[PDB]
Structures are given as C-alpha cells and as structure tokens.
Amino acid sequence: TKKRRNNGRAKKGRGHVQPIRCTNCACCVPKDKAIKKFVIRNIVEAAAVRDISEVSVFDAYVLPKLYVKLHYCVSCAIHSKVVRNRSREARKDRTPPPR
Amino acid sequence: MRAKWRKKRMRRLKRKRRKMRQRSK
Amino acid sequence: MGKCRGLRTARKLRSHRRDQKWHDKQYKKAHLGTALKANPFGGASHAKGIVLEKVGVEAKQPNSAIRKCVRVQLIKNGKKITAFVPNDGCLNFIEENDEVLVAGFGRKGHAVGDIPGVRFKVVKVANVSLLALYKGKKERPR
Amino acid sequence: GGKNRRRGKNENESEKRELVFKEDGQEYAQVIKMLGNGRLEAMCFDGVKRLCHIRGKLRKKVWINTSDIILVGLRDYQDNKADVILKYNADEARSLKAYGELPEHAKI
Amino acid sequence: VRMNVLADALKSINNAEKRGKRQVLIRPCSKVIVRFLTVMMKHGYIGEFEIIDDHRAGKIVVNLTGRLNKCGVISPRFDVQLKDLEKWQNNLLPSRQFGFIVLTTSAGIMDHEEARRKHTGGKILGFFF
Amino acid sequence: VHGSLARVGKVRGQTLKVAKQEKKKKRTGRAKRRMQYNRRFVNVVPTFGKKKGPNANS
RNA sequence: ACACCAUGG
RNA sequence: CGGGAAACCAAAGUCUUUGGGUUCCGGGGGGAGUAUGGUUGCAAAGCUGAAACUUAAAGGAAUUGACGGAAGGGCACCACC
RNA sequence: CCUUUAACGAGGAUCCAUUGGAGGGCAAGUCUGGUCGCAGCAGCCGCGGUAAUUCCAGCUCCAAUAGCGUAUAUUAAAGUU
RNA sequence: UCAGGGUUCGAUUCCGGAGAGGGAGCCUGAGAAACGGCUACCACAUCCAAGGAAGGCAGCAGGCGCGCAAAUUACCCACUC
Ligand SMILES: [Mg+2]
Ligand SMILES: [Mg+2]
Ligand SMILES: [Mg+2]
Ligand SMILES: [Mg+2]
Ligand SMILES: [Mg+2]
Ligand SMILES: [Mg+2]
Ligand SMILES: [Mg+2]
Ligand SMILES: [Mg+2]
Ligand SMILES: [Mg+2]
Ligand SMILES: [Mg+2]
Ligand SMILES: [Mg+2]
Ligand SMILES: [Mg+2]
Ligand SMILES: [Mg+2]
Ligand SMILES: [Mg+2]
Ligand SMILES: [Mg+2]
Ligand SMILES: [Mg+2]
Ligand SMILES: [Mg+2]
Ligand SMILES: [Mg+2]
Ligand SMILES: [Mg+2]
Ligand SMILES: [Mg+2]
Ligand SMILES: [Mg+2]
Ligand SMILES: [Mg+2]
Ligand SMILES: [Mg+2]
Ligand SMILES: [Mg+2]
Ligand SMILES: [Mg+2]
Ligand SMILES: [Mg+2]
Ligand SMILES: [Mg+2]
Ligand SMILES: [Mg+2]
Ligand SMILES: [Mg+2]
Ligand SMILES: [Mg+2]
Ligand SMILES: [Mg+2]
Ligand SMILES: [Mg+2]
Ligand SMILES: [Mg+2]
Ligand SMILES: [Mg+2]
Ligand SMILES: [Mg+2]
Ligand SMILES: [Mg+2]
Ligand SMILES: [Mg+2]
Ligand SMILES: [Mg+2]
Ligand SMILES: [Mg+2]
Ligand SMILES: [Mg+2]
Ligand SMILES: [Mg+2]
Ligand SMILES: [Mg+2]
Ligand SMILES: [Mg+2]
Ligand SMILES: [Mg+2]
Ligand SMILES: [Mg+2]
Ligand SMILES: [Mg+2]
Ligand SMILES: [Mg+2]
Ligand SMILES: [Mg+2]
Ligand SMILES: [Mg+2]
Ligand SMILES: [Mg+2]
Ligand SMILES: [Mg+2]
Ligand SMILES: [Mg+2]
Ligand SMILES: [Mg+2]
Ligand SMILES: [Mg+2]
Ligand SMILES: [Mg+2]
Ligand SMILES: [Mg+2]
Ligand SMILES: [Mg+2]
C-alpha cells in the first residue's frame, strides 16, 4: 500500500526535475528525491590545530573552512547510516535532529 | 523483470513466425 | 462516476447495455454459438456411442486411485469422448464394442471431482441400466 | 537425508522382512529410466514395457531409484500400464534369482 | 454549469440542516423554488422565510426548525399518471403515514395527497420527508 | 496385497453376505403420520438440558 | 569505511 | 463533518434518507493483448482483437508469529579475545 | 368407462409402498461386521495409508410419498448487466 | 418465472402468411399461377413381351431411415358443421 503522502520526494505542481549524480554510488536520482548534506569543517583537524597555530609565520591566523555540498542516493545514504528507518507514526517528523 | 522479458520473448518469436509465414508466401 | 440521466438518452442507454452484455461469460457462450458448435454432444442431454476400449485415469492429488473409464465414439457426430463408469465393480459389465448411452456429469461443461478431464458418465450399456445391472434387478441380455 | 525431519515415525524395518513371490497378474521387472511426474518406465522379465506408476502407498516413502528389481501389478483390461507394489533389497534380488524365480536374463 | 437550480436549493438546505444551523442562504432563486418552499412550510417542515431583491435572480434566507429530515429532487422531471403514482410514493417515501411527493400539475405545484383530491397527475419535482 | 492392485470390484466381492432379517410390514400413509406426531409431541418423558437425537447410539 | 555464502524426502 | 474492506481521504464527503450535467471504461483466474482479418509505418512496431481448452481459487487492506547476508539497546568460557 | 344394484370378497407371516440419504451446507447414528490411499464415495469443502460418524452390508433413523432420483435448456437467487 | 422494474419462450388446436421433392409454364372457372389439375427440365422410383406406360402421405393409419426424443394399417356419421 502507499507508504508516504509525498511519495518520498519533494515535487508538487511540477512535471520534471533535472537529475543529479550520487557522490559515492554515481547513481542518478532526481534533485528533490536525493538526500542533501552541507558540510562545513576546518581544513586542519581539531587534534592538529594547536600544532599548526604554533608554527605560523603570522601572529593572528584563523584557519580556513572547507565547504562541501553532498547528495546521496537512498541505498547509499542508508548503507552509510546517514538516515535510518523509523517507526510508522514516527515517520512524520520533519524537524531535523537536535544538534 | 518477468513481464518485460515475457513480452520481449513473445515479440521475438512473433517476428520469427511472421518472417517464416510471409517468406513461405 | 457518470451515467447519462437525461430525458431523451434512451438510445445511448440501450445501445450501451446491448454492448456490455457481451463481457458476461455466461451470456457470451449462449449467443456466440461457437460453444454449441464445439460441444461434443449435439447440444443435447445424452448421446449414444460405441465403446472403443477401457482405460484407467489416475486421480488428481492429494487423494489417490485409478478411476475406471470407457473411451467412446459417438454415433451422430462420430467424435471421440471419454466417460466415467459410476459404481463399485461396474467395469466388468462393459464388454468391448457394444453401444452405451452417455450423459452429463453435473457442472455443465467441466470435469467434476478428482478426475482429470472426464466430463461424461454412462447410464445404459445395452438398453439396460447400470443401476439395474448392479442392483441385480436385471441381467445382461446375453 | 539429514534434515530437521525427525517428525515422521522412525524406520524400525529391522523386524522380520519376509520374501514375496509372483501371483496372477503380478510379475517382476527392472527399471530402465525414470521420468517426471513420479511415474517411471520399466521392463518386465518377458518383454513388455509397461510404462509404470508409483502406487499412493509409496509416495516419498520408499525411493525407487534407477536400475533395480521391482514387483508390478498388471491391470485386468490394460497392458501397457502397471503399478509398483514392492522394491527388493539386493539380498532379496539374489535370493529370487537363485531360488529359480526371476529369469537369468537381467543384471543388478 | 448550473443546469438545475432547484437541485442546488434543495441540496443546500439539506447539507445545512444536518449540520445543525438555524438559517440558510439560497442563491439563485426562482418562482419554482418559492412555490416549493411554500408547500414545505404549509405543512410545518420549515419556518417562515425572506426573499432578498438585488435586481438579478435574488437570494432567499430560510429559517429552519429541526423537524426536517430530508428533501431532494428527481432529476429528469418524469411524468406521473395517478395510476403510476403509488409505485412512486412507495419507492420514494419512508412510510405511508408521513412524507410528501411534490409535483407540478395544471392546477399548480402541489403535493400528491392533494393531486389525488383534485384528480390530476403531472411532472414529479422532488420529495421531502 | 495380492492380484492386480487395480482389480475392479474388489471390496464388493470380498464383503461377506448377510440377509434381511425382518418380517414386520411397516406402516404407510396417514397412519404413519399419526405415529410420528404421537412420538414427537404427545409423550416426551422429561430430561436434562443435554438433549438427545431420535437415532442416538453413542 | 563492501572477495567468496548455491541447494533441501 | 462525514465516508471506507481498511490503509486512509476536507474529498475518495453531501449514497438503501439511493436521481446536478456529460464523456471513456470493468464483470473470477489463465489461454492473451496471443491467432486471424483490416489498417497505418522504409523498418522496428502501433491501433482494432477472438476462440478452443484448463481451473477453485488468483487478489486487496490489516493482525499475531517466524525469518533477514536490515537498524538501536543488552547478554553467555555449552560464545570469542 | 364412471355412476345405481343383487351374490361372493380382510386378521396383518397379507388384499405386503417406493425412491434417495444419515460429517458440513441440510432433517437423520461419535451402533455392529468387512476393506486398508485399494475398491470406492464426493454437485462444493472433503473421506479411505489395519481403531472409516463419509467406501461395502446388517440394524436403526431421516425427507417427500403414489411417487422420487439423474442429464440438459431456462427463470428467481443476481444490487454478479 | 415474477416485491417494484424486468428476463426467457411462442413448430403447436384462434387469427394472418407461405408450401406440397426443386425451379418453371398454363388450361378451366366468379375465384387457382391449384399439384387428391395438366405440360416440360432437374433428382428419385415402379411395371415391360424392351415397342411403351405410370408417380408425388409436410391428409388419416402404417413402414424404412434418423435420433436422447413421439400412439392403432380399429369403429361411426348419432353429436358440431
Ligand atoms: Mg512494500
Ligand atoms: Mg500552475
Ligand atoms: Mg495536476
Ligand atoms: Mg512524468
Ligand atoms: Mg475485455
Ligand atoms: Mg472460464
Ligand atoms: Mg545456507
Ligand atoms: Mg539441484
Ligand atoms: Mg531444482
Ligand atoms: Mg480543510
Ligand atoms: Mg474545503
Ligand atoms: Mg487543504
Ligand atoms: Mg465527489
Ligand atoms: Mg452523491
Ligand atoms: Mg450532488
Ligand atoms: Mg475475466
Ligand atoms: Mg497455471
Ligand atoms: Mg490474461
Ligand atoms: Mg483492449
Ligand atoms: Mg496481423
Ligand atoms: Mg479501420
Ligand atoms: Mg500494409
Ligand atoms: Mg474489448
Ligand atoms: Mg482441491
Ligand atoms: Mg497482502
Ligand atoms: Mg542493532
Ligand atoms: Mg563473563
Ligand atoms: Mg563449541
Ligand atoms: Mg582461545
Ligand atoms: Mg432405504
Ligand atoms: Mg451414499
Ligand atoms: Mg451405512
Ligand atoms: Mg449432508
Ligand atoms: Mg442436523
Ligand atoms: Mg484388519
Ligand atoms: Mg475397522
Ligand atoms: Mg467400523
Ligand atoms: Mg437469472
Ligand atoms: Mg456471471
Ligand atoms: Mg409480474
Ligand atoms: Mg405460433
Ligand atoms: Mg424447425
Ligand atoms: Mg404437429
Ligand atoms: Mg394456421
Ligand atoms: Mg387482414
Ligand atoms: Mg417429402
Ligand atoms: Mg365455376
Ligand atoms: Mg403448382
Ligand atoms: Mg389440396
Ligand atoms: Mg394427376
Ligand atoms: Mg407426370
Ligand atoms: Mg397427397
Ligand atoms: Mg402420416
Ligand atoms: Mg432406434
Ligand atoms: Mg416422450
Ligand atoms: Mg423411434
Ligand atoms: Mg353429420
């Protein structure tokens, strides 16, 4: 029987949306049905930041961030534990998880 | 698939038979 | 979700019903005629035939037996049909190459019970009943 | 063999297996080749083929594997068909061949 | 596109009595609807009602009591012949002790218990019970 | 097992024969109905709630 | 941050 | 609100208290979108479309188990280190 | 022929009621003997593999009754046209 | 057969039509394209002295054939006409 009110997809009032390739599977999924993730992380790791901030040539240097936007097929997003299957009525929560 | 391939097999047999019939006459 | 309701639509209603009757199996075979043309009887209740030979057919699982049938060729058509013999030990009354009167089985076209593809049953062997040949009320004319 | 199925009553065949000879309308045969649907070809010890059928009492119980001695019942009115009544151990098969029961025609 | 104006009026009154309202607005209106509501009022199934002029088809406000149970329209105005009237009031009505078939006749818009009295049939409009 | 397994009429032949034992001419017609009414309605000697059938044996 | 895992009186 | 076999639907509601208007189309499961005739197409194919025969079920929503080379907690030297 | 009438004409062992059933649908036996997935029954679900309420028979019981069973066409059941 | 609506049947004693093996042509008569009338072809079939002649039960009985499927080669104008 039907499992989602929105068919597991965002499209309403539209015929087609251009696809997009997964980032590990290289599959080919609609841009509104893919699973997105913005990632902002330091170019250094948190273990290293006290060593690199110690041998700068300059006195004040705030290291750069790495901005990346990722898209996942559903099979690969479930295999990499990005999302998990949820209870039947607990499936209708749209708020993102608490930080 | 099994509906897809059933359809495909029937199509290829139909082609072979039509060819045989219309080449006989 | 829509059926014309207006006051002069009778032609549409009648011509549409007359069409949709043809999807009802039980009506279709009464009126195409291809059933009556294909019927191994003549469209009658009974038919005479001559016993070609005696066979046994293994019943359809789970239950198991060998079901003791004649194979007959009918007089009027000349076409060949298999028929059941209806009681314990009757297959000894049926000599070979005598006549018989076969009848229907009971579901109007279809094999009854566990027997695979037998649709008729015997009533008379040689102008004497099976029910009398078997209950003792009569004996074979020879 | 070897399954979960200890559910059916155990073999207990160790008790007193006799010997069994022909009758009217019974005869020994050998298995030529097996066919689907359960029924199998046969070859009796006089020449008829009698495309033979496994009786309901033997269904998935005694395995009539290829090329062994069998006992079949004939039909009173049909000859090209028969039904397996019994399978012999190689012990009974030699016992019958020596006893002067089955012909010195076919091998085991 | 609004082929039948009496059908809307009776469906509108009916969708609101079930809800429990006390007044309903009907729009458009006609001589036919006004005659029908009069038959429904002489018998006590609705209260008095008020017609609004607006220089077009007007609107009606009707005061409902709870006594009404159903009213409806028979969509093709079939003919009825006073010998086929029983076969109608036995299919449409819930019991022979109440309820009315409303039909239009040469002597006006009336209810079958009066058409029998004046010996005339005509065209069926609806029913209320 | 012996003979043809397919031997026709096996059980009807090997069943041992027994004659009809009776003499008593049964009743017929109205007089039979007169019987069934009396036995089913006139005297029904009272019993526990676990009621019994007219041919009971067990 | 994925070698291979078929079958059942 | 009400409806439904229920999942569910502000329409899939206003339906045994059954009739606003009109178009297409279904009639147990298979044989089968097959055979054949017509037609369109360079071709691949599309449109229209049977019967013989065979069968007591095939199916839909939901419930409790059992299983998973599915996920989250937890446990045992008849499990491991 | 029927009707009207003399003379013969009833003790029940005949001046003899049959046809189909007895697991369910569906009124009536968890009797006794026989057969052993055989012979068979069964419109449908299903009975029979050595302890058969369903097969073959005795006994008893059920339904209609001077009638009852079977095959077939058709109508209601079918709001399954 | 049927609540209401309907479905199926109507060779069959009353009324109308059509036909006497198949097709065709005509005489006589108020009335016939008549077959218990005639002529010819087609298909059947009978008698013969081998020259010739003769025929029409889908009237009543009866017989063969066909098939699952249908009564006696009886009596009489007394009744209706
Ligand atoms: Mg699913
Ligand atoms: Mg838009
Ligand atoms: Mg849209
Ligand atoms: Mg699309
Ligand atoms: Mg169709
Ligand atoms: Mg069918
Ligand atoms: Mg494994
Ligand atoms: Mg294998
Ligand atoms: Mg395999
Ligand atoms: Mg809303
Ligand atoms: Mg809304
Ligand atoms: Mg909304
Ligand atoms: Mg709607
Ligand atoms: Mg509605
Ligand atoms: Mg409406
Ligand atoms: Mg179908
Ligand atoms: Mg199949
Ligand atoms: Mg199909
Ligand atoms: Mg189609
Ligand atoms: Mg074609
Ligand atoms: Mg065309
Ligand atoms: Mg073409
Ligand atoms: Mg179609
Ligand atoms: Mg079955
Ligand atoms: Mg399901
Ligand atoms: Mg886990
Ligand atoms: Mg421990
Ligand atoms: Mg261990
Ligand atoms: Mg260790
Ligand atoms: Mg009896
Ligand atoms: Mg019986
Ligand atoms: Mg009995
Ligand atoms: Mg019963
Ligand atoms: Mg009962
Ligand atoms: Mg015993
Ligand atoms: Mg016993
Ligand atoms: Mg017993
Ligand atoms: Mg009907
Ligand atoms: Mg039907
Ligand atoms: Mg009627
Ligand atoms: Mg007539
Ligand atoms: Mg006729
Ligand atoms: Mg007649
Ligand atoms: Mg006439
Ligand atoms: Mg006239
Ligand atoms: Mg004739
Ligand atoms: Mg004259
Ligand atoms: Mg003439
Ligand atoms: Mg005449
Ligand atoms: Mg003449
Ligand atoms: Mg002549
Ligand atoms: Mg004549
Ligand atoms: Mg005659
Ligand atoms: Mg005859
Ligand atoms: Mg008759
Ligand atoms: Mg006859
Ligand atoms: Mg006279």
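We number chain A the same way Swiss-Prot does; the residues here are 2-100, in that order.
Even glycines carry a Cβ here, placed using N, Cα and C.
Annotated features in Swiss-Prot:
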BINDING   A:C23, A:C26, A:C74, A:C77  Zn(2+) binding site
COMPBIAS  A:87-97  compositional bias 'Basic and acidic residues'
MOD_RES   A:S54  phosphoserine
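With a cut-off of 8 Å between CB atoms and residues at least 6 apart in sequence, the same chain places A:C23, A:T24, A:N25, A:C26, A:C28 near A:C77 (Zn(2+) binding site), listed in sequence order.
In this structure, the C-alpha atom of A:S54 (phosphoserine) lies 39 angstrom from that of A:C74 (Zn(2+) binding site). Residue density at A:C74 (Zn(2+) binding site): 21 other Cβ atoms are found within 10 A of its Cβ, drawing on all protein chains shown.
According to DSSP, the compositional bias 'Basic and acidic residues' (A:87-97) comprises 3 helix, 0 strand, 8 coil. Reduced to three states, the DSSP call for A:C74 (Zn(2+) binding site) is coil. Around A:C23 (Zn(2+) binding site), taking its Cβ as the centre, 19 other Cβ atoms fall within 10 Å, counting all chains. In the three-state DSSP classification, A:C26 (Zn(2+) binding site) falls within coil.
Listed binding-site residues A:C23, A:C26, A:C77 compared with chain C at a CB cut-off under 8 A give none as close ones. Within 10 Å of the C-beta atom of A:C26 (Zn(2+) binding site) sit 15 other C-beta atoms, taking all shown protein chains into account.
Taking all protein chains in view, 13 other C-beta atoms sit within 10 angstroms of the C-beta of A:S54 (phosphoserine).
Neighbouring residues of the recorded Zn(2+) site, listed in sequence order and excluding A:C23, A:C26, A:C74, A:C77, comprise A:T24, A:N25, A:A27, A:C28, A:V30, A:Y73, A:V75, A:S76, A:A78 (Cβ within 8 Å of the Cβ centroid).
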